[PDB]
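Only one chain is shown below, in structure tokens, and it's the form deposited in one PDB entry.
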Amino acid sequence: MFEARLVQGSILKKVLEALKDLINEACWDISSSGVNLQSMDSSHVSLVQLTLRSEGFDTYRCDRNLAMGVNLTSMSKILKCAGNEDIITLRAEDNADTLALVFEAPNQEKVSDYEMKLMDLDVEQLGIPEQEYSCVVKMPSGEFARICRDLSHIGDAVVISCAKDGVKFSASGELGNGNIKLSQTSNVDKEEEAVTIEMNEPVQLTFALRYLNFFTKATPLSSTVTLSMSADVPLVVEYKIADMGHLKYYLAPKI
């Protein structure tokens, strides 16, 4: 028996609104410590790692580990049937090939029951090494999304160049070029609206903007976003899920 009661259900909705466009299908690993997901997109250029820790839920029960082959399209379709203020319960058995989703409205007098068909999956998982990165930039999520959106008008690629005092995003195309320079902020009057940079060595990397534009659909999950970059390795775009866990987008560079 697996049962997770989550009061702030909208979170999960957001989780599915940040995934279903990048990955159509994924394996959801359910354990006593919570929910884990890892999945490359069909082009294997990007990867996603989702973590929803058990303490994030209002209640949580998981006797034995379960691997749920899930169609994220249908799951997003089902989560579309849940309100923002809805309390959502996930429930699954062991000898059952489905996932139950119970939506409770704040009346209380409206109750929804949804049974999602689970599927078979032949997927690839990657071993991700626990490492330290040369550049770590913490910035507003909306700012990053806006930057990617804007530079998407210039070219296909974006050059992220991080120094110690500033982070720059550049783009070049047949109409010309564009440079966006964000300086470090004196966070003497704030905390989340600030742009901070932790640098060991200056880093310069080039990435595909379409994948980043796929990534920035996790913006409603957090007011902040962190970018981890090292030389000639995949970029990590992390969104923190408050009182819950995180969502990480890995993107292979253009060496």
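Each form is matched to the other, and the largest set of C-alpha atoms that superpose within 1.5 Å is called the rigid core. Only residues modelled in both forms are compared. Note that residue numbering follows the sequence shown and begins at 1.
Keep in mind that the form deposited in another entry is missing from the display, and what follows is about it.
In a core superposition between this form and the one not shown, the Cα of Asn187 is the only one among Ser223, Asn187, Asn213, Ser32 shifting by 2 Å or more.
Taking 2 Å as the criterion, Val123 counts as shifted between this form and the one not shown: its C-alpha moves by at least this amount when the rigid core is aligned.
The gap between the Cα atoms of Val188 and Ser222 is smaller in the other form, by no less than 3 Å, than in this form.
Listed in sequence order, the runs of 3 or more residues present in both forms whose C-alphas shift by at least 2 angstroms between this form and the one not shown, with the core superposed, are 122-125, 187-190.
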